Structures are given as C-alpha cells and as structure tokens.
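K.L.:
What follows is a structure written as structure tokens; I'll ask about it next.
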Amino acid sequence: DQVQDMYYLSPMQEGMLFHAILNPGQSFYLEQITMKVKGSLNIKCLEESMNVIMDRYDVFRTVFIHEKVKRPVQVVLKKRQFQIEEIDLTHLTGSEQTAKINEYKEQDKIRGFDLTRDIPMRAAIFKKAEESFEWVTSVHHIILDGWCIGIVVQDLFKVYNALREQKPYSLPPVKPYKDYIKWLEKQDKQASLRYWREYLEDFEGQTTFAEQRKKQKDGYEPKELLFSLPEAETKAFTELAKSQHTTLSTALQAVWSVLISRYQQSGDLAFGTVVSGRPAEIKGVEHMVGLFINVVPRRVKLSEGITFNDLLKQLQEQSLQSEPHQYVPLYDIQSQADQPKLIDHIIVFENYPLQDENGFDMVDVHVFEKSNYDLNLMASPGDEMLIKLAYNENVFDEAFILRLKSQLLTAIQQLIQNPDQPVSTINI
C-alpha cells in the first residue's frame with residue numbers, strides 16, 4: 001500500500017480543487033519562484049535534501065481524488081521520490097539561455113499540475129556556466145500557501161549545508177496538516193457563516209476608485225509601483241502600532257481606510273485583507289506547513305469625528321473576533337451577501353517575503369503569482385517599510401497610481417503626527 005493516510009479537504013482546499021479542475025491552463029494557484037545562484041551548488045546533494053523535506057512535510061506527498069467519490073479526499077502517500085529537472089545551457093549564448101528559461105517558465109505556468117497524480121511542486125535548475133545557475137521552483141497553493149515557503153526553504157538549506165559538509169543535523173518537530181483538518185471538523189460551519197453575514201449586515205457595495213477606472217474591454221496588464229516609507233516615518237508608525245496594541249498590518253489597513261473613505265465619499269467601506277488563518281487553539285500551529293492564509297473582507301465604519309487611534313482599535317478588535325472564522329472561503333461569504341463584488345482590491349502585509357551562507361550567493365529571488373484583483377496594496381517590514389502598488393494597467397493609469405503613492409505617504413505622515421484628531425482633517 002502506498003497510502004499513509006486519507007482525509008477530507010478544508011473548505012478552501014475544496015474550492016481550490018473545484019476551480020483548478022474547471023480552469024486548466026490559466027495559472028490559478030500557481031507560485032513560481034526564480035532563484036539566481038552565483039557560486040558553487042551541489043545539485044545531487046540539493047536533491048537529497050529536497051527528499052528529506054518530502055518526508056518531513058506530508059503536504060508534499062499529498063494527492064487529491066475527486067472522481068468516483070462522494071466528497072473529494074486528499075491522500076498522503078508514504079513516500080514520493082522528488083527529482084530536480086537539471087538542464088545544461090552551457091553550450092548556448094546568453095540570449096539563448098534567457099529565451100530557453102523564459103520558454104520554460106511560460107510553458108510551466110500553462111502546464112500547472114495534475115493534482116490527482118503529480119507532486120504539487122517541481123524544480124528545474126538551469127546551468128548557464130560553471131558557477132551560475134537559475135533555479136525555478138513551482139508550487140500549487142492547495143498544499144502550501146505563499147507564507148509557508150520560507151519555512152520549507154530554511155529547513156531545505158539546513159539539511160543541504162549539513163549533508164554537503166557531512167555534518168549531522170536535527171530539525172524541530174512539526175505537526176501534520178491533518179491536525180488542522182481535525183480542528184476544522186470541530187468548528188460550527190453555520191456559526192462561522194453567520195459571523196460573516198452579521199459582520200456584513202446592511203453593507204451595500206462599492207466600486208473602488210470608480211471615476212478612475214478605465215472602461216475598456218476585459219484583460220489584465222500587470223504593472224507595479226514600488227516605494228518605501230522613510231526610516232523615521234517607519235519608526236514612528238511602528239511605535240504607534242505598538243503603543244496601541246496592534247500590528248503594522250492593521251495600522252496600514254487603517255490608513256488605507258481613510259484614503260478610500262475620501263474617494264468613495266462614504267463612511268462604510270470594504271477591502272480584502274490576507275489573514276494568517278492559524279488557530280491559536282492549535283498548539284504549535286506556527287510551525288505547521290500547508291494552506292492556511294485566506295482573503296477575507298474587512299469592513300470599516302468611519303463615523304463623524306473618528307480618530308486614527310479609534311480606527312486602530314476598531315480594526316484590532318475585529319481581527320481578533322474574526323480569528324475562529326478565517327477558514328471560510330470568500331466565495332461562500334460573497335454568496336451570503338448576494339454580492340459577487342463585495343470587495344475589488346486587497347491589502348497584503350507579508351512579514352517575511354521570500355524576496356528578502358550555503359556556499360553560494362543568492363543574487364536574486366523573484367516571485368510570480370497570477371493577479372486576481374485590479375489593485376493590490378502590498379507591504380513588508382524593514383528599516384524603511386516596503387510598499388508596492390500592483391495593479392491592472394488596463395483599468396488604472398500609472399499617473400493615478402503615482403497620485404495614490406503620494407496620498408498614502410502624506411496620509412501616513414499626518415495620521416501618525418495627529419493620531420488623536422479626526423481623520424476627516426487629514427489633507428490628501
């Protein structure tokens with residue numbers, strides 16, 4: 001028997017499987033990480049390590065069954081042999097190499113995975129010269145969300161550097177993903193839907209930045225504007241969040257709420273927020289690897305005279321309230337609102353972005369994921385906080401995105417200088 005265990009899918013996994021099967025070739029749920037290596041890499045040993053990781057993390061050994069079954073199940077296989085696709089490009093010119101690697105990345109996006117058979121993760125390493133490699137890893141988020149990859153990479157290099165130097169290693173114990181499925185089977189699914197319904201009671205709908213949306217035919221032209229919050233502002237922003245017993249993520253969502261209240265001319269608004277999805281009742285949940293994070297609606301109410309510190313408190317409390325119900329798929333929430341466009345942009349605060357020795361230099365790490373919203377506000381910590389506006393240029397002009405950058409920066413500065421004044425006083 002190849003099967004170690006078999007159990008049901010989380011609601012989000014089930015939604016993901018259904019949409020993946022029905023929309024093949026479209027890059028859904030696919031993350032592609034490109035690592036450019038400069039230095040010595042022991043590929044054979046890297047492969048050995050990957051297979052240690054295969055046995056360490058049950059999600060990599062999981063496949064899915066949906067045919068001739070009453071309800072889909074995920075099956076953990078006792079052992080699965082991983083193999084790196086190693087490609088030697090050394091006999092090609094530099095332009096040939098790049099074309100070769102882009103060709104691979106483009107066909108890889110279309111290929112996706114057959115979730116009923118494949119390991120939902122693969123790796124190709126391209127050798128371009130003696131000490132230069134390009135290492136493309138693809139993964140399906142039904143087994144591992146984007147905020148988990150770092151954990152796995154860290155363990156992979158720990159195994160790798162021990163194996164190559166012939167040293168012993170030990171790794172901390174990790175709970176299996178089934179433990180999260182078991183936690184989910186104790187939750188009251190109807191109470192969680194009721195939570196979202198009541199939270200969203202009487203919320204009416206909103207096209208964000210409607211007067212700025214280009215009304216063109218459908219299509220996605222992905223663009224990005226990257227910028228940073230200067231260190232002194234970043235410091236004061238962080239101090240304010242700490243002093244108010246909240247997070248940088250919540251503080252940024254609060255500032256964004258003020259900006260959107262002005263464009264929408266309204267005090268009742270919504271946007272999507274990526275939440276961790278990790279239940280505190282699950283001892284050791286921070287070390288688990290699998291699909292946890294979710295996009296949920298954030299609804300913000302701005303009354304007359306509300307201050308920034310008021311807003312920080314309103315959002316911090318609702319985050320905590322929401323925590324037992326973060327497993328509900330957005331689709332099911334939107335159906336409880338008879339509003340398929342309840343939200344149309346999101347805010348993503350990523351504490352530990354993969355994109356910032358082992359005997360080599362990591363020259364660059366780039367992440368690709370397909371875009372599901374026409375505007376995405378993305379931020380990560382640092383001495384100067386890193387902010388990205390990722391948008392669909394077929395909808396928003398670059399000039400408008402640039403105005404949004406200067407408004408966000410001036411709104412941060414003004415709300416941290418006067419966090420106890422009505423946010424209606426801020427000049428944007």
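Within each chain, counting starts at residue 1; across the structure tokens, chains are named A, B, ... in the order shown, with ligands numbered 1 upward in that order.
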Find the residues around residue A:153 up to 10 Å (only C-alpha atoms counted), leave out those fewer than 5 positions away in its own chain, and share them as a list in words.
P.N.:
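So, after excluding close chain neighbours, the residues are residues 50, 53, 148, 158, 159 and 354 of chain A.
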K.L.:
Please tabulate, as a tab-separated table, the residues of stretch 364-400 of chain A that come within 9 Å of stretch 211-222 of chain A, each with its closest pair of atoms and the distance in Å to one decimal, counting only C-alpha atoms and ordering rows by chain, then residue number upward.
P.N.:
```
residue	atom	partner	partner_atom	distance
A:371	CA	A:222	CA	7.8
A:374	CA	A:220	CA	7.9
A:390	CA	A:222	CA	7.2
A:391	CA	A:222	CA	5.9
A:392	CA	A:222	CA	4.9
A:393	CA	A:221	CA	5.2
A:394	CA	A:221	CA	5.6
A:395	CA	A:214	CA	4.7
A:396	CA	A:213	CA	5.7
A:397	CA	A:214	CA	7.9
A:400	CA	A:212	CA	7.5
```
K.L.:
Keeping only N, CA and C atoms, write the selected residues to a file as a compact mmCIF listing (two decimals), in the first residue's frame.
P.N.:
```txt
# COMPACT_ATOMS: atom_id res chain seq x y z
N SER A 371 -2.54 37.46 -10.80
CA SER A 371 -3.23 38.57 -10.13
C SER A 371 -4.74 38.38 -10.24
N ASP A 374 -7.65 44.05 -9.56
CA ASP A 374 -7.12 45.14 -10.35
C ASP A 374 -6.21 46.09 -9.56
N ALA A 390 0.46 47.07 -6.86
CA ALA A 390 0.43 46.15 -8.00
C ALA A 390 -0.94 46.27 -8.62
N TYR A 391 -1.00 46.63 -9.89
CA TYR A 391 -2.28 46.98 -10.49
C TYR A 391 -2.44 46.52 -11.92
N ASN A 392 -3.70 46.53 -12.37
CA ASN A 392 -4.04 46.23 -13.75
C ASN A 392 -4.05 47.53 -14.55
N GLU A 393 -2.98 47.78 -15.30
CA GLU A 393 -2.94 48.97 -16.15
C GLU A 393 -4.06 49.11 -17.19
N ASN A 394 -4.73 48.02 -17.59
CA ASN A 394 -5.92 48.14 -18.43
C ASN A 394 -7.06 48.85 -17.72
N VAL A 395 -6.98 48.98 -16.38
CA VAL A 395 -8.01 49.62 -15.56
C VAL A 395 -7.54 50.94 -15.00
N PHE A 396 -6.34 50.96 -14.39
CA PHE A 396 -5.81 52.18 -13.75
C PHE A 396 -4.61 52.70 -14.53
N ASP A 397 -4.57 54.01 -14.74
CA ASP A 397 -3.41 54.66 -15.32
C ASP A 397 -2.27 54.75 -14.32
N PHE A 400 -2.42 57.75 -12.00
CA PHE A 400 -3.31 57.66 -10.86
C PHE A 400 -2.65 56.89 -9.75
```
K.L.:
Would you please extract all strand (DSSP E or B) residues from stretch 178-325 of chain A, as assigned by DSSP on the backbone, and give them as a list in words?
P.N.:
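Filtering stretch 178-325 of chain A down to strand (DSSP E or B) leaves residues 222, 223, 224, 225, 226, 227, 228, 229, 268, 269, 270, 271, 272, 273, 274, 275, 294, 295, 296, 297, 298, 299, 300, 301 and 307 of chain A.
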K.L.:
Under the rule that only C-alpha atoms are counted, which of A:280, A:348, A:41, A:226 is the nearest residue to residue A:323?
P.N.:
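Ranked by minimum distance to residue A:323, first place goes to A:280.
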K.L.:
Pick out the closest residue to residue A:188 from this set: A:328, A:241, A:269, A:119. Count only C-alpha atoms.
P.N.:
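Nearest to residue A:188: A:328.
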K.L.:
Taking 4 positions as the minimum chain separation for residues in the same chain, which residues sit within 10 Å of residue A:357 when counting only C-alpha atoms? Answer as a list in words.
P.N.:
residues 157, 161, 361 and 362 of chain A
K.L.:
Just the selected residues (N, CA, C and O atoms), exported as a compact mmCIF listing (two decimals), in the first residue's frame, please.
P.N.:
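Printed below is again35.txt as written:
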```txt
# COMPACT_ATOMS: atom_id res chain seq x y z
N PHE A 157 17.77 24.29 3.30
CA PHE A 157 19.18 24.67 3.32
C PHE A 157 19.91 24.14 4.56
O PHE A 157 21.09 23.75 4.47
N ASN A 161 23.22 22.15 3.83
CA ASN A 161 24.55 22.54 4.27
C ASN A 161 25.13 21.49 5.20
O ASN A 161 26.36 21.32 5.26
N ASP A 361 25.97 32.44 -3.48
CA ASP A 361 25.26 33.70 -3.34
C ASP A 361 23.88 33.59 -3.95
O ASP A 361 23.72 33.02 -5.03
N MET A 362 22.89 34.15 -3.25
CA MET A 362 21.54 34.30 -3.79
C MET A 362 21.46 35.70 -4.39
O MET A 362 21.09 36.66 -3.72
```
K.L.:
Counting only C-alpha atoms, which residue out of A:289, A:139, A:73, A:43 sits closest to residue A:17?
P.N.:
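Distance minimum relative to residue A:17 lands on A:73.
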K.L.:
Please, what distance in Å, to one decimal, runs between atom CA of residue A:150 and atom CA of residue A:101?
P.N.:
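These atoms are spaced 23.6 Å apart.
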K.L.:
Would you kindly return, as a ChimeraX atom specification, each protein, DNA or RNA residue with an atom no farther than 7 Å from any atom of residue A:228, considering only C-alpha atoms and excluding same-chain residues fewer than 2 positions away?
P.N.:
/A:230,384-387
K.L.:
Using only C-alpha atoms for the distances, tell me which of A:417, A:294, A:380, A:98 is nearest to residue A:329.
P.N.:
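Checking each of A:417, A:294, A:380, A:98 against residue A:329, counting only C-alpha atoms, the winner is A:294.
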K.L.:
Got a sec: who's within 9 Å of residue A:330, counting only C-alpha atoms, leaving out chain neighbours fewer than 4 positions off, as a PDB file with C-alpha atoms, in the first residue's frame?
P.N.:
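Result file selection_5.pdb:
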```
ATOM      1  CA  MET A  12     -10.666  26.459   0.910  1.00  0.00           C
ATOM      2  CA  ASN A 294      -7.108  33.459   3.187  1.00  0.00           C
ATOM      3  CA  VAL A 295      -8.527  36.642   1.701  1.00  0.00           C
ATOM      4  CA  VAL A 296     -11.386  37.860   3.870  1.00  0.00           C
ATOM      5  CA  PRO A 297     -13.467  41.074   3.773  1.00  0.00           C
ATOM      6  CA  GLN A 334     -19.962  36.637  -1.089  1.00  0.00           C
ATOM      7  CA  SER A 335     -22.886  34.266  -1.599  1.00  0.00           C
TER       8      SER A 335
END
```
K.L.:
Which of these residues is nearest to residue A:418, using only C-alpha atoms: A:63, A:236, A:33, A:143?
P.N.:
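Of the candidates, the smallest distance to residue A:418 is held by A:236.
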K.L.:
Which residue is closest to residue A:207? Choose from A:266, A:4, A:13, A:243 and count only C-alpha atoms.
P.N.:
A:266
K.L.:
Give me the residues within 10 Å of stretch 314-321 of chain A as a ChimeraX atom specification, counting only C-alpha atoms and dropping any in the same chain fewer than 6 places off.
P.N.:
/A:195,199,244-247,249-251,253-254,275,298-302,308
K.L.:
Please provide the set of residues having any atom within 7 Å of stretch 87-93 of chain A, restricted to only C-alpha atoms, with same-chain residues fewer than 3 positions apart removed, written as a ChimeraX atom specification.
P.N.:
/A:96-97,125-129
K.L.:
Taking the backbone alone, and naming residues the way the document does, which bits of stretch 364-428 of chain A are alpha helix (DSSP H) by DSSP, as a list in words?
P.N.:
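Restricting stretch 364-428 of chain A to alpha helix (DSSP H) produces residues 398, 399, 400, 401, 402, 403, 404, 405, 406, 407, 408, 409, 410, 411, 412, 413, 414, 415, 416 and 417 of chain A.
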